[PDB]
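Each chain, letter by letter, is given below.
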Amino acid sequence: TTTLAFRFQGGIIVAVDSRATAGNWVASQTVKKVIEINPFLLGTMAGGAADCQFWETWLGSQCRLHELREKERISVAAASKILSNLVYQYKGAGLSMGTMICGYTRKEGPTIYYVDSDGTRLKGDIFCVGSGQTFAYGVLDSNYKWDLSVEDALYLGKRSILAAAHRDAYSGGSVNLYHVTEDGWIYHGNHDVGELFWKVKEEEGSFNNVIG
Amino acid sequence: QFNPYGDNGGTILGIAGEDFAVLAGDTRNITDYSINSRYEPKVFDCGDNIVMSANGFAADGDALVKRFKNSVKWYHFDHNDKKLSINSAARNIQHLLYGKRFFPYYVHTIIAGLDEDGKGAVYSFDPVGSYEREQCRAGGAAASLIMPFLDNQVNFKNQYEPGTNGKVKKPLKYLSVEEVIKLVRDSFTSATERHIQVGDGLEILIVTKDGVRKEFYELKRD
Amino acid sequence: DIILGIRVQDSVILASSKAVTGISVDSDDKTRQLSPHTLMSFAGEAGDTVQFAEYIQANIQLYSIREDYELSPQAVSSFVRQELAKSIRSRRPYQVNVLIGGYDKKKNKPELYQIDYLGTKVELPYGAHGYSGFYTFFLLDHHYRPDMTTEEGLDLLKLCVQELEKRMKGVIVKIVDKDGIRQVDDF
Amino acid sequence: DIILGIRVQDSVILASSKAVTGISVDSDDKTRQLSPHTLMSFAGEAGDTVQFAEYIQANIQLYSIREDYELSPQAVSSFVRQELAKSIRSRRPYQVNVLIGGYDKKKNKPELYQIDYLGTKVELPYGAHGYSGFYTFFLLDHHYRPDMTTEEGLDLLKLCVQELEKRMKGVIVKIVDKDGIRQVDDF
Amino acid sequence: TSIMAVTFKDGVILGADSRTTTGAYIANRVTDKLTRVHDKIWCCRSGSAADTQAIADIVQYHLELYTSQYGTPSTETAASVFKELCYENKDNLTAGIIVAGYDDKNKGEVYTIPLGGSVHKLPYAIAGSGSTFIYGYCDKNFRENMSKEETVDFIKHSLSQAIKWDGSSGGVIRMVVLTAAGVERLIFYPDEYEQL
Amino acid sequence: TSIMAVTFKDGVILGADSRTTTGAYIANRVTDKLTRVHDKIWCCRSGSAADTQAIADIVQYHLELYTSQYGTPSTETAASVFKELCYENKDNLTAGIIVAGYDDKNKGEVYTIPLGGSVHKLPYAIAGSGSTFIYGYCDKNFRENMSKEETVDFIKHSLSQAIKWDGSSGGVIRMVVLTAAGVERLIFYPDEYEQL
Amino acid sequence: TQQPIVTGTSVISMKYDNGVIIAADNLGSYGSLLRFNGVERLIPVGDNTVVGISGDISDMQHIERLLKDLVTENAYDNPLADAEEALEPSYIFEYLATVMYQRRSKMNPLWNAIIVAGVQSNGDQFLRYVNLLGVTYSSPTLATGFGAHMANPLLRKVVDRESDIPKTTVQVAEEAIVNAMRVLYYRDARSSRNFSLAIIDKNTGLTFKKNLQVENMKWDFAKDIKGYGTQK
Amino acid sequence: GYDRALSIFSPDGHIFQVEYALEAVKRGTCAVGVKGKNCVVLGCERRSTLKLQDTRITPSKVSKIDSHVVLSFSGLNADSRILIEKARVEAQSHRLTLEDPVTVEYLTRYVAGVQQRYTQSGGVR
Amino acid sequence: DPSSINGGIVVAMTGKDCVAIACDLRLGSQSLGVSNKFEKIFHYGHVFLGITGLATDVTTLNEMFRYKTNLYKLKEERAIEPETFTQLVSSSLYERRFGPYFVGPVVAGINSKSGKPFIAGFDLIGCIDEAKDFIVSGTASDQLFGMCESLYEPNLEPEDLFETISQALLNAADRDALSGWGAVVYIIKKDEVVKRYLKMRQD
Amino acid sequence: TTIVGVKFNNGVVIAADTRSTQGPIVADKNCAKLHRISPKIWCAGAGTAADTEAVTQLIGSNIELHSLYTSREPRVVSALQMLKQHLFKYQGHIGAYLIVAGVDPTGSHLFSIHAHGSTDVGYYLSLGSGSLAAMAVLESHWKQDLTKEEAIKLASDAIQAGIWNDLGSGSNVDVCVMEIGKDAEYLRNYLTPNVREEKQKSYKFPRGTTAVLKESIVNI
């Protein structure tokens, strides 16, 4: 599993893989690792799938109730606080959850909060979580800039996921892309890892150690 | 030191078509190496043209099926006999499963039916409660044997056009229900050949806009 | 986790490491202003520390609003020690160690307190939590003087931080004195 | 433990961390010149690594004296792999991982081999032992070319070393080519 | 411990040894393991001494309340109360009990409650660590409608053998006879039963 | 397993059941637990079947060598040969053996080698899982200088009770009689000894 | 129950063309000691149902009390208690399965395996199994524990499919049941020679036979078996 | 516990306890609030009590619920203290949970909700 | 489990008068891919052996069997046949009954005198499994069984056998995390052997 | 696995199934479990397949050498003793459970051997994971005097019961009959009651569907 999210002048880029494993056998390669909490907020998935799905859907319900009560769009800090307080109430029970909550508000701008099942809640710029986080983070560090255009940022996210999926056995399948702006999140598609590898090798000249 | 759980074996498979859905299951029930029964169905029609199968520990699966049927009954009572769609049933089952997060049902669940656009739909549930909509999904003892074959034959994986030097993949086509039935029968016969816990019989439920119909075939009893 | 504190003749200086647990690119601050003249720094298990610090800060702000008065650093330290001592007996104890710096306006003097997760409170001229003490105490014992000024204490803290960086990036440094709480930017 | 190696068109470059693990102030070298055109770098449990490396070096020097001839890097790698495979079945196995760099004079080509404590030998254009691979493989996969020169390989290695230093001091860099074995001093 | 109860023509007779052990040390040479719970309903106790004593106290209290409210309880009712206590608390107690009673209509009756909390009605019952060594002899020697003297001799021989072979049993042999004439106590010393 | 050996006026008689179990399953209804080691020296085996069979084979080999070199071995010598193997290998074997022999001078003799590897000479011996249930009865019924019929009846009754109470013993009752007239084999079926 | 103490052995049963037959031995064993003889483990509930129980005897007695309570509660305010409102095997099995699964969910199980046999009001046979985990299943032949390994192979010789049920007469089924009991007495070390049997028929009534003993056995060939391997 | 329905409906559709509480408010001292262009002014009237009153320590009617929000009242003083304490606790809780101080409308709604709950709950006035 | 540390899979099938043996190319430590050029198939004359399991044990067994086959050829003055090489492999494996090699060897060949294709598989202690249709081994053994029981036909020409075995290998490897970084297929006739490298998704 | 042995009036017949599995996965659908110690001495082994095969081969080699040395036909008791001592030497670490039958100049013999070295003598024996069903059949139908045909039928029925009711046993039945004055008769696949039915279609791929990177010729 590899998930990543970063901020830039255009907003937020979120890129995930789609492989799930149960040991050596690949249970699925069509897993959706981005939770669509609401048309303005996104949440990544890592650790336990059921915990992430259930509690981020519950978080969407809570954000809706907040917007009904206060007649304003909730803050990303407040939603991440709600999720972190809830998971802290369960500390020691056995929940497994490491997620990135990504949003874009008028007052805060683009904002990413990493929330863990241990109660951790960190505001950040670049996050990479999973068994293949090292390669993807290396790519992002080598190529991150604040003034990246939307196309360059999407390509960078895809390239980082591809680099992680090539080396990590428990990572791969396909790449799901998302762009988060002020008006909401835009889905930029699913890209098969196998075809993407050959296309990238041809266009860049990389992976010379692999016979094509 | 009590071990409230068991295994019970079994193998189920769900496939979604263009305008139909199929849920097939083995009918063999075993404890460790003895046969409890050769005909014990594990695929049920839970109203509103929705079929369900919870494979694994038999007691937990039966309890979950009973609870879901009761949930359908109360949904009809509380909402003026409104039809329960397939996505709503999937969400309700997720909540039913997560209600036992720290003492879970030890089952893998698959449901099948038609969506609101008339297309086939299959949903898969892990024991904890996470679910997803998939085109093809096998579960149980012989899932690892069945799944690659369906990857090759349904999705045409690793198949190319003969003459394009592997540059054009074999295009996908919409299978008919008869072709799906043949694929299911072949998969289960292969599983019976190689897996000890699979055999005796196979029961298939097919859901279309006209309702749910059942077919039965015999598998090798050994 | 670097949590260090030095009390000099007219002020208290606290230093906290800016690092977290992984893969991310930020500038973590592990201090909470309990009151205009009382600051608390924390370290320990992630999650528990922030929750405990926010709980303490909320209670102290509530008391300050209710009485329209500021608690002394000694009373704040006693309240925090009571909370930690209660926690250690609970089902889920807090694994948090704290340093509390303050400037008592009534006595017009700086005060530094060190409390651990068990509930052991000690008032010290200088203190640390974690492994900072094992690598800092030789220098603190050799160079400390109770009558040092602000600049001398800052220089001693700089030497201590360099010693810590030798056997490992950066620290956040806070000063509490008669004018209140400030953050050092030139450090 | 940083052990890394890159094979470029005419040479092999090895990099080993100049760090030990306590309290001391030194510049450890974790390489042994097996032959004028074959070098070995090692990592793993302390004590076992030096003993194994010296044993291998003594045996290779004995063979070279006996035959008045230099073994090829392939034969040296096979001998080392046999020794490690024998060790893994012994009462006290060696917990040592090695990289072997050489320049075959007969074939006039550089060669790089990676062997682990189990006895798994692989010939690679670039290799690493420990956690160096997890933080270096993205850059190696993106930038490597089999036709790179010595300067390009050194630049790529410098980028890899900087990446390793980002997520931690210094490395020792050795070059094996047709002129033999040398150490880089400008790095 | 070696306890038993035997039904005979005129009623019932309970018998027991008197040794309590804490491993290898005999903590009490002279123990009374025959506990009265009602005027003509008694029990033989084996297992944890604290558990059996507490259970017997509670049963006696409940039977006194029953007598004050409803009348003389039957042997079956007393066995049922014992059974409820043993079965509902079987995860925390270790008690093997033999309940023996007399009444005018049913004459003498014996019920056995082994570990676990099940009740079995038998013409005679045996329990304890030393019972294992006399499973054969008693099965070879028990008759029905025996006289009082024959029943006394049978119990004496069986308990003497159980004492002889079991290291956890010994001391004196205590017996309680329940008949229409009432309750009688008997005791036999080692110099008597060791010559058998 | 329920094995025994009884000395009587004219010699010795060995007796055993025939059940072998692998837990709850009866792996052999018809087992012969009476193993000859010399012309008039036999043994009853209990414990691990492999260990007892190997020990009996080795003892038979050693006694054959003794006979070829020194003459007819005594029952005590055979018991000593068994004892050496049992005692020196007691950390790896589980074997309880009853050695019964006949000779003209000493008539019949019985030796018992329980776990651990000690030897005890007795007028009669009993061993096995089902022995515990007949410790009393036999002690109450054994006499000395009994006739052959009385010894057969005693062994039959004792083994029938042991079979009745022990789940690990059952099947048929096998007996071997060693006298001056030689060796005789006897067998008794459940329909015979279950009516006792 | 966390561990059984006094336990009964297997219960065996099969369906035939008109009804069902069930059987079980009369022994309560105490850890390899054959302690109690004369324990009835078949409980007739009414005239159309028999419940056979294996496992812990104390829990079996608790279940018997529950069944009697259920009958008494059904009789309350029900003028048709001996009529179309009488209890049915399906009702009894559903109740017992609910109890077993609920007690398993509380980590306090009834350490038992239960076979419910009977005839429904419409005449259809009923035969189902539920154990201490709440696992339930049905088959033309049923057996628990040791019998499940030895009785089922023999009984499935007579009734191998649902299509074989109409061909099986009561005489053939009873002979098969008796032979299976004899085999179990041959090879089960916790078994007894005395057992009880019950026949539930749609035309005739419930027939409950007690004090049945395993008949003529084959033991003569034992006289031919000498010592192991090479003796004699 | 005591849970008598003290606030109930009258035949004309009135709740007498609420009206009597309004009369109690009428008996209280007079408070005034005015809005400016960029400020809010709160005025209060002190009761003409004895001249031996110590002004330093007596409660001063206007209470700061938070550093940006103040509350004045008219009616029973002790009940006002209870409401003020509840408002302060809620303000701190909100600042904790949402990482932002309360709005004026939010605090007003919370206080009004407490008052309504007391109008509708049993066993209280 | 040492057998599931490095990964890898090997398949073998019989044709009309032909045999086929295929393997994956991945070599990884635990979940990091180390090498994509690790071939598990070797040949000693006209007999082919494919080994899955620990890479060290694979190399060691290859070297030992090369040693033994060279000595056999020197003494016998003829190449060893698949049927005798199978017995040799079984005996070599059983000689380490308690310190066993963690390997999955599979033998495929064509008997020179008879012309009949031969195929066999072994467990880690040398138990022989003779099959007329196919033999599978590796971490994806269940996936391989599922593919082979469905795709195999009793008599196939080498051109069809190539497609069958290649599809089985690829589709079983795409469902195994520890298998698949390349793939090699050998088609073996009486007088010709063809080796083909397949194109694969890599990841 | 299910293995049985039955004596009759003038010889002995052993029988076995043909399924070998590694857990729940069938590794060999047609495996030979009847091993030839000597021409008239045959052993059927359950447990660890490699152990059974290796031990039978070693004992057979030693028996052949002994027969050459003594100039006499092998005896069943000799094989029994050698197997028993070899198994007892390894203290059960060799997982072989054997039924050994044969005919020798002394007559017909049938024995069972366990992995720890214990041996039993019986007219009818069963071993393996399916031994309970087979023993149920044997106790149901065995008779004191049996002809060769009846003994073959009974052994086949026991193996069939193991095949039907035991999950670890199945496929075919292999039989071996040894008679006093005749040659041994080994019947491989005496019954084959599990034949897979025809598939619903054929999955033969068209040529050229598999992508290929490179091709080469290998010199053998």
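cryo-EM is the method the PDB entry states for this structure, with the resolution given as 2.02 Å.

Labelled according to the PDB entry, chain I appears under the name Proteasome subunit beta type-3, originating from Saccharomyces cerevisiae.

Identification of chain B as Proteasome subunit beta type-6 from Saccharomyces cerevisiae is taken from the PDB entry.

(A) Up close: unusual backbone geometry. Residues and elements named next belong to chain B. Located in the positive-phi region is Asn49, a residue other than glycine, with phi close to 55 degrees. Within the secondary structure, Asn49 is located in the loop between β5 (44-45) and β6 (51-56). Among the residues examined, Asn49 registers a relative accessible area of 27% and is labelled partly exposed.

(B) The arrangement of the interface of chain B and chain A in detail. Across the boundary between the two partners, chain B contributes 18 residues, which contact 18 residues of chain A. A combined buried area of about 1,400 Å² lies between chain B and chain A, and 54% of that area is made up of carbon and sulfur atoms. Three residues stand out in chain B for area buried against chain A, namely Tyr98(B), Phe102(B) and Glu132(B), and they jointly supply 37% of the buried area on that side. Across the chain B-chain A interface, the total number found is two salt bridges. Salt-bridge contacts for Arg101(B) lead to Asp51(A); the nearest nitrogen and oxygen are separated by 2.8 Å. At the boundary of chain B with chain A, the tally comes to eight residue pairs in polar contact. Every element with two or more residues in the side of chain B that touches chain A is listed here: α2 (86-98), β9 (131-133) and α3 (143-153) of chain B. In terms of residue count, the dominant contributor to the side of chain B that touches chain A is α2(B) (four residues). Looking at the side of chain B that touches chain A residue by residue, the class counts come to six nonpolar, five polar and seven charged.

(C) Expanded view of the side chain of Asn62(I). Residue and element names in this part refer to chain I. Considering the arrangement of structural elements, one finds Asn62 in helix α1 (residues 55-76). Look at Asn62 and you get buried, because its relative accessible area is 16%. If sequence neighbours within four positions are ignored, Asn62 has contacts with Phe42, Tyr44 and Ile51.

(D) Broad picture of the packing of helix α4 (residues 170-187) of chain G against helix α3 (residues 131-141) of chain J. Packing of α4(G) against α3(J) brings their axes to within 10 Å, and their N-to-C directions diverge by 110 degrees. When the interaxial angle is binned, α4(G) and α3(J) end up roughly perpendicular. Of the two elements, α4(G) crosses α3(J), and the hand of that crossing is right-handed. For the pair α4(G) and α3(J), contact is made by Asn179(G), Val183(G), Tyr186(G) and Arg187(G) and by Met135(J), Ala136(J), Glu139(J) and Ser140(J), respectively. Taken together, the residues of the contact of α4(G) with α3(J) sort by class into four nonpolar, two polar and two charged.

(E) The arrangement of the pattern of salt bridges in detail. What the rule picks out here adds up to 88 salt bridges over all chains. When the shortest N-O distance is used, the salt bridge between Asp17(F) and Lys33(F) registers 2.8 Å. In this pair, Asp17(F) is assigned in the loop between β2 (11-16) and β3 (20-21) and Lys33(F) in the loop between β4 (26-28) and β5 (34-38), connecting sequence segments 16 residues apart. For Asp17(F), a relative accessible area of 1% corresponds to the buried category. One network of salt bridges, in which partners are shared, links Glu193(B), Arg194(B), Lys220(B), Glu149(I), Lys29(J) and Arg196(J).

(F) Geometry of the sheet that holds β2(F). Residues and elements named next belong to chain F. Within the open sheet, the five strands sit side by side as β10-β1-β2-β11-β12. Their pairing is antiparallel. With partners counted over all chains shown, the strands left at the sheet margins are β10 (124-127) and β12 (182-188), one partner each. Between one strand axis and the next, the sheet turns by 15 degrees as a mean value, whatever way the strands run. When strand β1 (residues 3-8) meets β2, the two strands line up antiparallel, connected through six bridges.

(G) Representation of helix α4 (residues 177-194) of chain B within the structure. In this model, α4(B) (18 residues) spans 26 Å end to end at C-alpha, consistent with the 26 Å of a helix rising 1.5 Å per residue. In terms of burial, α4(B) is largely enclosed, as 14 of its 18 residues are buried.

(H) Layout of the interface of chain I and chain J. Each side of the interface is counted separately: chain I has 38 residues, and chain J has 35 residues. Taking both sides of the interface into account, the surface hidden between chain I and chain J amounts to around 3,200 Å²; carbon and sulfur atoms contribute 55%. Linking chain I with chain J are seven salt bridges. A salt bridge links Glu149(I) to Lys29(J); its shortest N-O distance comes to 3.2 Å. Counting only elements with at least two residues in the side of chain I that touches chain J, the list comes to β9 (128-130), α3 (141-151), α4 (158-173) and β12 (193-198) of chain I. Residues belonging to the side of chain I that touches chain J are distributed by class as follows: 16 nonpolar, seven polar and 15 charged.

(I) Broad picture of the pairing of strand β1 (residues 3-8) of chain D. Residues and elements named next belong to chain D. Among the six residues of β1, five are classified as buried, and the element is accordingly described as predominantly covered. Relative to strand β2 (residues 11-17), β1 runs antiparallel, the two being bridged by six bridges. Bridge assignment links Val8 to a residue of β2, and that residue is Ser11. Inspection of the sheet shows β1 paired to strand β8 (residues 126-129) by four bridges, in the antiparallel sense. Residue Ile3 lies in a different strand from β8, and its bridge partner there is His129.

(J) Molecular detail of the sheet that holds strand β12 (residues 185-191) of chain J. All names here are of chain J. Strand order in the open sheet formed by five strands is β10-β1-β2-β11-β12, and the pairing between neighbours is antiparallel. Single-partner strands in this sheet number two, and they are β10 (124-127) and β12. Geometrically, the sheet is characterised by an average inter-axis angle of 15 degrees between neighbouring strands, direction not taken into account. Of the pairings in the sheet, the one linking strand β1 (residues 3-8) to β10 comprises four bridges and is antiparallel in character. Within β10, the residue paired with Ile3 across the bridge is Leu127.

(K) Structural context of the packing of helix α1 (residues 49-70) of chain A against α2(B). Contact pair α1(A) / α2(B): the axes reach a minimum separation of 12 Å and the direction vectors enclose 115 degrees. Between α1(A) and α2(B), the angle is such that the two are roughly perpendicular. Here the hand of the crossing between α1(A) and α2(B) comes out left-handed. Counting all contacts with α1(A), which are made through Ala50(A), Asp51(A), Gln53(A), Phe54(A), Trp55(A) and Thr57(A), the residues of α2(B) involved are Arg91(B), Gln94(B), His95(B) and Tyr98(B).

(L) View of the packing of aromatic side chains. Residues and elements named next belong to chain E. Across all of its chains, the model carries 55 aromatic pairs over all chains by this definition. Judged by centre distance (5.0 Å) and plane angle (70 degrees), the ring pair of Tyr66 and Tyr70 falls under edge-to-face. By relative accessible area, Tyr66 is classed as partly exposed at 28%. Look at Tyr70 and you get exposed, because its relative accessible area is 61%.

Thresholds applied
Residue labels used throughout are counted from 1 along each chain in written sequence order rather than taken from the entry, whose numbering may differ, and residues without coordinates are not included. Chain A is the first chain written and ligand 1 is the first ligand written, with later ones labelled in order. Any value you read here covers just the chains shown, which are one part of a larger assembly. Note that the side-chain values use all heavy atoms of the structure and ignore hydrogens as well as water. Residues with missing side-chain atoms are left out of burial classes, side-chain pairs and their counts. Counting from the N terminus, the helices are DSSP H or I runs at least four residues long and the strands are E runs at least two residues long. Whether a residue is buried, partly exposed or exposed follows from its accessible area with a 1.4 Å probe, protein chains only, as a fraction of its type maximum: under 20%, in between, or over 50%, in that order. The criterion used for residue contact is that any of the two residues' heavy atoms lie within 4.5 Å. A quick way to say it: buried area is the sum, across both parts, of accessible area lost when two parts are put together, with a 1.4 Å probe. Salt bridges, as used here, are contacts in which a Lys or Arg side-chain nitrogen is within 4 Å of a carboxyl oxygen on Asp or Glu. The term polar contact refers here to a pair of N or O atoms within 3.5 Å; inside protein, the definition further demands a hydrogen-donor-capable atom paired with an acceptor-capable atom, and it admits residues adjacent in sequence only when both atoms are side-chain atoms. Put simply, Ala, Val, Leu, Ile, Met, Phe, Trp, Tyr, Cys and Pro go in the nonpolar bin, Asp, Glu, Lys and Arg in the charged bin, and everything else, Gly too, in the polar bin. For helices, the axis comes from a line fit to the C-alpha atoms of the stretch in contact; other axes are also lines fit to C-alpha atoms, and the angle between any two N-to-C directions lies between 0 and 180 degrees. Roughly parallel covers angles under 35 degrees, roughly antiparallel covers those over 145, roughly perpendicular covers 65 to 115, and oblique covers all other angles. The hand of a helix crossing depends on one turn: near helix anticlockwise from the far one by less than a right angle means left-handed, and clockwise means right-handed. Two strands are counted as paired when DSSP detects at least two bridges linking them. One less than the residue count of a helix, multiplied by 1.5 Å, gives the span that helix is expected to have. Aromatic rings from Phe, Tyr and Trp, with only the six-membered ring used for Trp, were paired whenever their centres fell within 6.5 Å, and each pair was classed as stacked if the ring planes differed by under 30 degrees, edge-to-face if by over 60, and tilted otherwise.

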